[PDB]
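Number of protein chains: 4
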Amino acid sequence: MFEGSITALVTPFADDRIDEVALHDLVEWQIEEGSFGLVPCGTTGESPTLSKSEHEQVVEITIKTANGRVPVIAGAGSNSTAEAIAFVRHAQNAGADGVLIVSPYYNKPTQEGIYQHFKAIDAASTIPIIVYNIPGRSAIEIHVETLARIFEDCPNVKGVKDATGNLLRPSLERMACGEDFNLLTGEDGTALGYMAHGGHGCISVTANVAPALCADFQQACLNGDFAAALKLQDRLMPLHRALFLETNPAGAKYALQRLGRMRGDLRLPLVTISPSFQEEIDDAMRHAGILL
Amino acid sequence: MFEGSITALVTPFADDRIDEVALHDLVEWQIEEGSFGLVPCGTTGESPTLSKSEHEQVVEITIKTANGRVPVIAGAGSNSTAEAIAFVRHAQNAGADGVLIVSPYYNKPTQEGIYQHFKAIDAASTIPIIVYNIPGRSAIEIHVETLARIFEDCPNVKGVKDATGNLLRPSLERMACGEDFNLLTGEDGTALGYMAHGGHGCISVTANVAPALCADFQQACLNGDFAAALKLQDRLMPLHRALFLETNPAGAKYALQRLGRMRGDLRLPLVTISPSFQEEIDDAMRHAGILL
Amino acid sequence: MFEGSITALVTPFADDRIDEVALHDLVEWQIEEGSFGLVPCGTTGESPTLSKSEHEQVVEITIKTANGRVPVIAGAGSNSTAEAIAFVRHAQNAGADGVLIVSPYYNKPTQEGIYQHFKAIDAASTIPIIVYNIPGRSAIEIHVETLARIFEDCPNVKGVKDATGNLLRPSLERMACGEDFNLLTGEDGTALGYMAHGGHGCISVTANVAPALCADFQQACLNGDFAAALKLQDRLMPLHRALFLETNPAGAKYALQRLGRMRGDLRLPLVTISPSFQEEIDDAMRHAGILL
Amino acid sequence: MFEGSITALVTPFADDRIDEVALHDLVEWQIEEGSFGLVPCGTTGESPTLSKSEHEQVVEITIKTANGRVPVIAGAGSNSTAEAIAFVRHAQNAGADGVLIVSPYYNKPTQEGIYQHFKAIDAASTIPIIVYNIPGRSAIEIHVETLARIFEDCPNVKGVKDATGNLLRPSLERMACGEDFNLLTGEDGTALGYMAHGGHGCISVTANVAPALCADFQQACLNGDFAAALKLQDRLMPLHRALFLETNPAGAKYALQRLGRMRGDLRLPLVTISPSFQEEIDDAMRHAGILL
Numbered sequence: 001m002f003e004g005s006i007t008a009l010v011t012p013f014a015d016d017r018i019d020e021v022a023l024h025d026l027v028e029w030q031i032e033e034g035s036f037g038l039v040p041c042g043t044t045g046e047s048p049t050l051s052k053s054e055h056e057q058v059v060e061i062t063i064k065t066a067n068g069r070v071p072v073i074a075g076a077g078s079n080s081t082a083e084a085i086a087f088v089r090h091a092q093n094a095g096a097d098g099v100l101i102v103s104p105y106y107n108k109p110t111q112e113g114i115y116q117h118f119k120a121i122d123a124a125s126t127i128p129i130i131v132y133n134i135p136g137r138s139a140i141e142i143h144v145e146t147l148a149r150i151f152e153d154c155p156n157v158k159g160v161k162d163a164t165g166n167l168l169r170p171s172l173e174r175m176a177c178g179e180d181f182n183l184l185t186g187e188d189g190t191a192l193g194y195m196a197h198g199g200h201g202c203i204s205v206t207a208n209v210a211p212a213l214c215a216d217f218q219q220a221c222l223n224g225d226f227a228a229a230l231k232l233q234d235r236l237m238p239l240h241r242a243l244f245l246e247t248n249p250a251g252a253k254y255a256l257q258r259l260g261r262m263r264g265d266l267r268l269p270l271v272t273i274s275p276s277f278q279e280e281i282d283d284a285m286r287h288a289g290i291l292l
Numbered sequence: 001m002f003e004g005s006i007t008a009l010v011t012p013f014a015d016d017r018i019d020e021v022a023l024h025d026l027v028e029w030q031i032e033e034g035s036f037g038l039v040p041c042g043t044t045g046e047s048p049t050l051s052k053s054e055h056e057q058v059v060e061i062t063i064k065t066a067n068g069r070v071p072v073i074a075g076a077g078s079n080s081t082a083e084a085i086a087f088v089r090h091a092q093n094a095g096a097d098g099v100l101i102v103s104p105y106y107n108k109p110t111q112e113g114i115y116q117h118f119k120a121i122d123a124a125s126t127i128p129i130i131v132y133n134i135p136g137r138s139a140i141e142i143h144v145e146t147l148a149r150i151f152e153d154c155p156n157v158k159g160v161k162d163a164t165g166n167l168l169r170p171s172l173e174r175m176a177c178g179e180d181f182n183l184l185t186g187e188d189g190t191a192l193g194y195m196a197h198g199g200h201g202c203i204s205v206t207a208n209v210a211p212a213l214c215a216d217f218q219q220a221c222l223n224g225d226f227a228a229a230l231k232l233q234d235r236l237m238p239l240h241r242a243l244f245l246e247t248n249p250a251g252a253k254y255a256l257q258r259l260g261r262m263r264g265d266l267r268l269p270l271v272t273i274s275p276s277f278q279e280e281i282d283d284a285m286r287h288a289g290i291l292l
Numbered sequence: 001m002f003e004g005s006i007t008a009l010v011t012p013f014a015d016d017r018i019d020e021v022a023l024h025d026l027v028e029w030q031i032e033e034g035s036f037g038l039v040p041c042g043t044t045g046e047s048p049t050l051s052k053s054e055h056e057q058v059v060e061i062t063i064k065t066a067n068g069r070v071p072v073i074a075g076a077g078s079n080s081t082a083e084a085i086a087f088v089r090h091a092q093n094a095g096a097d098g099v100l101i102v103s104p105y106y107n108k109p110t111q112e113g114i115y116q117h118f119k120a121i122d123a124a125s126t127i128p129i130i131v132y133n134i135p136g137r138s139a140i141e142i143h144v145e146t147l148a149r150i151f152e153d154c155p156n157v158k159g160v161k162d163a164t165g166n167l168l169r170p171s172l173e174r175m176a177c178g179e180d181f182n183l184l185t186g187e188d189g190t191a192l193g194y195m196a197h198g199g200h201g202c203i204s205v206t207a208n209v210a211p212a213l214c215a216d217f218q219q220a221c222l223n224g225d226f227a228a229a230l231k232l233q234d235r236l237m238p239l240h241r242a243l244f245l246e247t248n249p250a251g252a253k254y255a256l257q258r259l260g261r262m263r264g265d266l267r268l269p270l271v272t273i274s275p276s277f278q279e280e281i282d283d284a285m286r287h288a289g290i291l292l
Numbered sequence: 001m002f003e004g005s006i007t008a009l010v011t012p013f014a015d016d017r018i019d020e021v022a023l024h025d026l027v028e029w030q031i032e033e034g035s036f037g038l039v040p041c042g043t044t045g046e047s048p049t050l051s052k053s054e055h056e057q058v059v060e061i062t063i064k065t066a067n068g069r070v071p072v073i074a075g076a077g078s079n080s081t082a083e084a085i086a087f088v089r090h091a092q093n094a095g096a097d098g099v100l101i102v103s104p105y106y107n108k109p110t111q112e113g114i115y116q117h118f119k120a121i122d123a124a125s126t127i128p129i130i131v132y133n134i135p136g137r138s139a140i141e142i143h144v145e146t147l148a149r150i151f152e153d154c155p156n157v158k159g160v161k162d163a164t165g166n167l168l169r170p171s172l173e174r175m176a177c178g179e180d181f182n183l184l185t186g187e188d189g190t191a192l193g194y195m196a197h198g199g200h201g202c203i204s205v206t207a208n209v210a211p212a213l214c215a216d217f218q219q220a221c222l223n224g225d226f227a228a229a230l231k232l233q234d235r236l237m238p239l240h241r242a243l244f245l246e247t248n249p250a251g252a253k254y255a256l257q258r259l260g261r262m263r264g265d266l267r268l269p270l271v272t273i274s275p276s277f278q279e280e281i282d283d284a285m286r287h288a289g290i291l292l
C-alpha cells in the first residue's frame, strides 16, 4: 500500500508555459526532503487549467525525475468517464505507479453512475486506482457502500483519498472494506486524527512547502508515536490553515515562490492570494522554521 | 434581451456518436412548437461528456437548423478561463447569438477570480454573455455585488441564468443591476415565482419534452396573466417534478425516448433513470396531456 | 382560510418586561393599517426568550386588542410535544383563531416523530393548525409526503408557513395536498414568487414596519395583479433585504424603535443590529417612503 | 481538566415520570464500569422534553448517586440566556462540578450575541463551563475567534464539547486557546482522531451502553496507546454507527432496554428506533461483546 506524506505537486508556470526546470527541481527537492510519494496533476497541481499536452508533460517530467525512487500517482480524473480512461491509459503507459480519480464533478452522477464510472476506468487500467472523494468540490458524494462495492468489484481500485472532513469515514470504511483498504487523507489539518483512525498516509498540500516536517509528522504517525505527531501538528498548524486562507493552491504557490523555488503564476479563474494573507503565510512558515 | 421558454437542448446520441438526424428534428420541432430560443451544449446537453469536436458540431447544427428563427445561446463555460474563451470564440464565429457561461466549477475560485474569469471572456467576446450561477453543481457562489460588478465592467455581459433556488436573487439583482439586467431562471419548477419577481424567461429542461406547453406558460407570465400561468403549473408540475427524480438530463432523455424523438443513450458517469421513475415520468406526461 | 399580510408581531420590551402599552398600540396601528391577521409570539416575537407567563400575556393582549377584527394565530410551537399541547390549549382557551406550530427544533426527530408530534397536538386542539416548516432554524425538514400525511390524518391541520426558500414546495404541496391546503410564506423577500405559485399569503416580518405597503402588496397578489405587486417589490425589497442584515428580529425592532413605536430592547442571546446596518434600514425605509 | 469517557446520560422514563431507580442504577453501574464522568440532562438525556422540575431531579439524583466519585457536569443550556443562568444556578447549588452550555439553538444569535450569552452565564456561575458547539442541531456556529474571546474573557469557561465534525477545530483551538483549553469531543465515532489532535476526552453516547470498553478506549488514548485504541475502535465502530441509525438517544435507549437496564420509553417528538435498526444494534453489541 501507499503511505506517509504523498505530495500533491503544485504545477509551476512560467511565461504561460509549464516551468520544466522549476518542476524538476520541485520533484528532486521533494524527494531529498523525505516525501514518500508524488501526485502530479492533482487539484493542487491545477489540473483544471492544464491542457491535455501539459498534463502529459507534467506526469512524464514527474515520472522521469522521480526515477522510481518513490511512487508516482498521476491525477487522471474527469467528470467524463471516457476522458478519465484516456488519462489513465497515458499514466500507466508513462510508467506511473497509480492514478488518482476524483468523483465526477459538476454533472452529479447517481451512485450507480459513480459505480459504473470506476468500473469502466478499472477495466482500462493496469495500475492502482485511488478514489478521490471530495464532496466539497465535486458537489456529489460517494457513499460508503458504493465505495465498498467499487473496491470489491474492481481489482485495481486499492483505496481512497478522503477529503470529506467526516472522520467516521476511515472507521466506517475499515468496516465495509477490510484493513487491506488503502486509507489516504486529502486534508492536512486533520491528518493527525485520520491516522489515529487507521489511516495510511496523506496526499498533501502542505508537503509542497514543508516536505521534511510533513515527512517526520507522517513517519511519527506510522511509528504510532502520536505524542511527537502532536508536537509536529503544533508546529505545522499555522501553515495548514494559512495555506488554505483563500483557495488552494494559491497559498502553496505564494509560499513556494516566497522560497525562491518557482514563479507564483496561477491560471485563471484562480488568482494570487490576498496580500494580508501573504503575511500570515510568511509568519506561518517562520513559525514552522521554514522561513528565516 | 432574451425571454420566454429557451430550451436547454438535450444532446441525442446513437452508437456513441451525436445523433445528427435526431438533433436536427429536435431543434426543428422545438421551433415549430413555439420555443423562444435554444441553448445547445448546456449542462442538459451533457456538455461535460462532449468532445470538443462534438461540442462544435452540436452548436453548428443547432444554429444552421434554427436559421435565425429563434436566438441560439451556445453553452461555452469551463472551469478554465482559457478554455471558455475558446468556446466563445468558436460560438460567435459560428453565428451564435450569445453564450451561456457557467461559474467555474470544482476549482472554487474566489470572487475576484470569478470576476477576472468573466472579464477575460468579455474581452474575447463580440456576442452577449449570460452568467450561469448554479452553486449546487459548481460548489461556488457568485455574490450579488460580484455579479453587479461584472455586469458593470463587462459590456457583453447582459444577464444571468439563476439556478440558486433563492428567490430573493432576482429582486436583489433588480436593485444592484438595473431592470435592464436580463433575468432568466435555470429551474423549471420555480419559474412561476421567478417571473413574478421580474424574471424575463427560463432556460428550460422541461421545454425539451413539452415545448408547446412551456412556451405558453412563459407567454402567460410575460403577459402578466399569472392566473393562466398557475393553471399551467398545475398541468406541468408533475412533469417538472418527475424530470428531476434523478440527475438531469437522465429524466428528459427517457421522456424524449418514450416519445420516440431519440434514443435514451446517456454517457457515463450518467446512467439511465430508475424504472419506477420512468413510470412517474410516463404518468406526468399523460397528466400534461403529452402522452395518451 | 388565512390570507394576505399576516404580521408576525415583534414583542416590545421595556425594563426587562413586556411593554404592554407599546404592544397594544402596535396591534391597533397594525389593524388600522390594513394587516390581514396577527401572529403573536412567533419567532419574530422572540418566543424563545419569553417566560410562559409572558407568552400568555402577549397572546391575550393581542386577542383582546384585535377584538375579532382580524384573525389572531398564536405561536404555540415547541420541541416538546407536551409543551406544544400546553401552548395550544391556552391559546384556544384565550380565543385564538388558530396556532402556528413550528417543526421540533434542535432535537431532530425522524419524520414519523414529527408526524406523531402534530397528531398529538391535533388531538388536543379545537382550532386551526398551521405547520411552520423552517429547516434553517430547526435543523430538520418536513418532507412533502409527511406534510401531506399530517394534513390528511389531522382535521385541525389546515396549512403551512413555508420558510424553506424552495419554491417547488407550494407547487408540490398543491399536488400532494389539494388546493384546499392553506399556503403561507415565512419569507417576505420571496412572497411575490410564492403567490405566483399559488400561495395564499405571508406571515410577515416586514409587515411590522410597513403594515400598509405589505397589505397592499398582498392584495395585489391576491387580485392576480402581479404587475402592481412587482412595482411594490421594487419599493419594499431594500427593506426586505435590510431587515435581515443580521438575525431577525434585530432589524425590525431597530426600525420600529427608529419610528418611535417601541424601544429597541432585545433579549440575550440576541443583540442590537450593527450600526452600519441601522443606516441601511434607515435608507430602506426612506426608499419605501416610510421615513422622510 | 476533565478527561476520558464522560457519559452523556440517557434519562430513563417510566409511567411518564423520571425512572428514579433505573437512573440511580444507571449511574452506579456507569461508575463501577469505569466512566470518568457523567453529564446528566444533555441532549442524549432528552433535556428538551424534560420539565424544569424533572431536569432538577435528574441533576440532583445524579449528583447524590455519584457522591463525588466522578465529576458531574450538568447540562444547563438554553436558547434563552436568562434560563441558562437559572439552570446553572441550580446546578452549582446542587453540588455540580460543572455545566454544559450549548450554543443558542433555533434563534440563531450573531457571534456577538453568542459572546454576550456566555459572558452573562459566566458571571452568574461559580463552576466550570464547557461550551457545547454543535452547529448540526443549533443551526448556528461558534467561530474559533469567538470561542477564543469567550475563553479569555470568562474565567469560568474552561473548554468545549466539540460536535462540529471538523477535525481542524481541536488543532485551531489549540492555537487560539492554549493547551490549558479543555478539549472534549461530542462525537464517539471520531473520538479516536480527536484524541490524536490533542483531545482530552469525550462526552459520550456509546458509553451509555458500553461504559467499560469506552473507558478502556479513552484510557488507551490518554496513555498515548493509539494502536490499542484502534483495536478498540475496531470493536466499537458497529455500535457507534448503529447507535445513530436514526436519532439519538433512540438507539441508546433501545440498547439499554435490550440489556434490561431501563424501559425504552422516549418522549415525543422522538419515537422508538425502527425494528430493522434494533437488529443492527443487537449485532453491534454482540460484536462488541456486550450482548451474548
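If you're matching them up, the sequences are chains B, A, A' and B' in order. A prime marks a further copy of an entry chain. Here the first sequence is numbered in the entry's author numbering, starting from 1 and rising by one per residue. Here the second sequence is numbered in the entry's author numbering, starting from 1 and rising by one per residue. Here the third sequence is numbered in the entry's author numbering, starting from 1 and rising by one per residue. Here the fourth sequence is numbered in the entry's author numbering, starting from 1 and rising by one per residue. Even for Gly, the Cβ is constructed at its ideal location relative to N, Cα and C.
Beta-bridge pairing of residue i - partner residues as DSSP gives them
i: A':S204; result: A':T7
i: B':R17; result: B':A14
i: B:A74; result: B:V99
Own chain residues within Cβ distance below 7 Å of residue i, not counting five before or after
i: B':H240; result: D188, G189, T206
Which of helix, strand or coil DSSP assigns to residue i
i: A':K108; result: coil
i: B':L38; result: strand
i: A:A242; result: helix
i: B:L291; result: coil
i: B:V271; result: coil
i: A':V157; result: strand
Cβ of residue i within 8 Å of any chain B' Cβ
i: B:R174; result: yes
Exposure of residue i, with buried meaning 16 or more beta-carbon neighbours within 10 Å
i: B:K158; result: buried
i: A':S51; result: exposed
i: B:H200; result: buried
i: A:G45; result: buried
Close Cβ partners of residue i (< 6 Å) along its chain, the five nearest in sequence each way excluded
i: B':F87; result: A76
i: residue 307 of chain B'; result: With chain B' running from 1 to 292 in the structure shown, residue 307 of chain B' is simply not present.
Chain A' contact for residue i (CB, 8 Å cutoff)
i: B':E54; result: no
i: A:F226; result: yes
i: B':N79; result: yes
Contact with chain A by residue i, beta-carbon distance below 8 Å
i: A':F217; result: no
i: A':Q57; result: no
i: residue 294 of chain B; result: Residue coverage of chain B in this structure runs from 1 to 292, which leaves residue 294 of chain B outside it and unanswerable.
Any non-hydrogen atom of the ligand ATP closer than 7 Å to residue i Cβ
i: B':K158; result: With respect to the ligand ATP, the structure shown offers nothing to examine, as it has no ligands at all.
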